[PDB]
Structures are given as C-alpha cells and as structure tokens.
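Cβ atoms come from the backbone with ideal geometry, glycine included; neighbour counts cover every protein chain shown. Just so you know, all these numbers are worked out from the coordinates, no wet-lab data involved.
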C-alpha cells in the first residue's frame, strides 16, 4: 500500500 | 580443530574512514574444501612432543634462562 519501500544497514 | 582469523571482509572496509583493521576480500572459491594430505612425522618428533609442552603451550619459555 505504498509501504513497500526498504532501507539498508550494510556499510 | 585449528582456526585462524584471516581478516575483516572488505565489504566492511567503510564501517569507518580509519580503523586499525586488516580488510581482505571475501573468499572467491568454495566455502568448503576437502583435501587428501599425506603427513610425515618421525619417532623423534613424538619424543619431543611427549617430553615437554611445545610451542604455544609453553608461553613462559619466552623468558629464556631456565
């Protein structure tokens, strides 16, 4: 529901 | 049962801009390797190994003298 975006934690 | 730290993987090389750390590439081969090794010792190597603690067991040996 446009909550499909994803962040990251790798350097 | 031996193991060694080869380094830190260089995918982490930018955790910081400076750290006192040895960044190495990830191994490019198979993660597991099986090798046939024919190993030689002598009966004297057995003498030495059974007579006294050897190598990294005998840390106090660094003092010399007795």
Identify, please: which residue in the stretch B:7-43 is surrounded by 10 or more Cβ atoms within 10 Å (Cβ to Cβ) and touching a strand residue (DSSP E or B) at 6+ places or on another chain (Cβ under 6 Å) and is, among those, farthest from the other protein chains (Cβ to nearest Cβ)? B:7
In the stretch B:46-56, how many residues are surrounded by 10 or more Cβ atoms within 10 Å (Cβ to Cβ) and within 20 Å of the chain's Cα centre (by Cα)? 3
